[PDB]
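Asker: Take this structure, written in structure tokens, and hold onto it; I'll ask about it next.
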Amino acid sequence: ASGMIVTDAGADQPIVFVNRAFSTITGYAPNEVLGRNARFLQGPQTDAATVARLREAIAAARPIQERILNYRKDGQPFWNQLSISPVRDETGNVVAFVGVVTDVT
Amino acid sequence: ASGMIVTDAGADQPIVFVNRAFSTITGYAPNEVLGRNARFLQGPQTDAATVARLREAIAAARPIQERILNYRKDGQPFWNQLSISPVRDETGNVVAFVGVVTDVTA
Ligand SMILES: Cc1cc2nc3c(=O)[nH]c(=O)nc-3n(C[C@H](O)[C@H](O)[C@H](O)COP(=O)(O)O)c2cc1C
Ligand SMILES: Cc1cc2nc3c(=O)[nH]c(=O)nc-3n(C[C@H](O)[C@H](O)[C@H](O)COP(=O)(O)O)c2cc1C
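Rendered as structure tokens:
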């Protein structure tokens, strides 16, 4: 099953909700990730150019997909097929971001 | 600010998360709505045809936008500009639904 991460739209996009599969994949419990930016999933071998593409997409509230090297709580690397989409209201205000996380290792 | 409702994809789409604006708009605290289908927001003056359109869209996991009459916890009616989108993984599995709620009574 694919994980899901929901963040606030502003500040530094703190996590406000994760589903069960997020914990299955990453080894982190909800309580230890809520209020944090999801970048804690990154590590030494994470590709900087990929991170920059995510950074730009989020800044512009544009949908993006990347295959990015992430790390479980225990430090084991995994390949994360990550898809991020903005959540907008009818007036175009960005309410939140939703990320889908699939372990494609 | 617009409210947000996140539900599971299956088994009559129980609410798994709401943002603070949801509480401001509807008068319900998270604890009062988690694990329930959002249809408790509806009431007697809610348009049945609108509800039917939502029902069919959600069953097919299709995005839908409707203006629907809803009710706060205390029974006060309000017009809800509601936008629902499925969340899918790249294999096409529906992971969740996300609803945006805007009070457009005024
Ligand atoms: C909803 C959402 C989910 C995210 N999920 C992940 C993730 O699973 N793995 C990851 O490495 N980054 C993820 N990110 C990206 C980071 O949070 C961050 O935006 C990215 O590293 C670029 O910003 P930075 O250069 O400040 O790190 C997610 C971002 C958002 C908004
Ligand atoms: C994510 C999500 C959010 C929803 N938000 C609302 C809402 O704010 N107001 C509402 O009247 N119905 C809302 N619904 C629709 C009801 O939960 C339900 O799907 C609809 O009433 C049709 O089913 P029914 O005929 O069994 O009631 C939402 C559904 C989903 C999946």
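As given, the protein sequences belong to chains A and B, one line each in that order.
Sequence positions in the first sequence follow my numbering and run 343 to 447.
Sequence positions in the second sequence follow my numbering and run 2 to 107.
Don't be surprised by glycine CBs; every beta carbon is placed ideally from N, CA and C.
Excluding the five sequence neighbours on either side, which residues of its own chain have a C-beta within less than 6 angstroms of the C-beta of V446/A, listed in chain order?
Answerer: Result list for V446/A: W421 and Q423, in chain order.
Asker: Name, please, each residue of chain B whose Cβ falls closer than 9 angstroms to the Cβ of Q423/A.
Answerer: The contacting residues are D90 and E91.
Asker: To the nearest angstrom, how far is it from the Cα of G345/A to the Cα of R430/A?
Answerer: If you take the alpha carbons of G345/A and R430/A, they lie about 21 angstroms apart.
Asker: Do three or more CB pairs link the region 348-363 of chain A to the region 372-382 of chain A at distances below 8 angstroms?
Answerer: Touching, per the Cβ criterion.
Asker: Name the DSSP bridge partner or partners of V99/B?
Answerer: Paired residue(s): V7/B and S86/B.
Asker: Can you find a heavy atom of ligand 2 that lies under 7 angstroms from the Cβ of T106/B?
Answerer: Incorrect: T106/B has no Cβ contact closer than 7 angstroms to ligand 2.
Asker: Please classify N373/A: does DSSP put it in a helix, a strand, or coil?
Answerer: It is helical.
Asker: Return the first residue and the last residue of the beta strand (DSSP E) that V360/A is part of.
Answerer: Segment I357 to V360, the beta strand (DSSP E) holding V360/A.
Asker: Kindly list the residues whose CB is nearer than 7 angstroms to the CB of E408/A, restricted to its own chain and excluding five residues on each side of it in sequence; keep chain order.
Answerer: Correct list, in chain order: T392, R395, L396 and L424.
Asker: Give the single residue among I26/B, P15/B and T8/B whose Cα lies nearest to the Cα of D75/B.
Answerer: Of the listed residues, the one whose Cα sits closest to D75/B is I26/B.
Asker: Specify, as a first and last residue, the run of the beta strand (DSSP E) that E408/A falls within.
Answerer: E408/A -> beta strand (DSSP E) spans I406 to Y413.
Asker: Using the beta-carbon of each residue, find all residues closer than 7 angstroms to any heavy atom of ligand 1 and list them in chain order.
Answerer: Qualifying residues, in the order they occur: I347/A, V348/A, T349/A, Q355/A, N379/A, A380/A, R381/A, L383/A, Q384/A, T388/A, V393/A, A394/A, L396/A, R397/A, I400/A, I410/A, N412/A, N422/A, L424/A, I426/A, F439/A, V440/A, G441/A and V443/A.
Asker: At the 8 angstroms Cβ level, is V440/A part of the contact set with chain B, yes or no?
Answerer: Output row for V440/A: interface = yes.
Asker: Count the other CB atoms, across all protein chains shown, that sit within 10 Å of the CB of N71/B; report buried if there are 16 or more and exposed otherwise.
Answerer: Result: buried.
Asker: With 16 as the cutoff for other CB atoms within 10 Å, does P87/B come out buried or exposed?
Answerer: Label assigned to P87/B: buried.
Asker: Quickly, what does DSSP pair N81/B with across the bridge? List them, please.
Answerer: According to DSSP, which records beta bridges pairwise, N81/B is partnered with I69/B and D104/B.
Asker: In the DSSP assignment, the alpha helix (DSSP H) including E398/A goes from what residue to what residue?
Answerer: From DSSP, the alpha helix (DSSP H) with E398/A extends over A390 to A402.
Asker: Taking the alpha carbon of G100/B as the point to measure from, which residue in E91/B, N94/B, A58/B and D48/B has its own alpha carbon closest?
Answerer: Looking at the Cα atoms, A58/B is the closest of the given residues.
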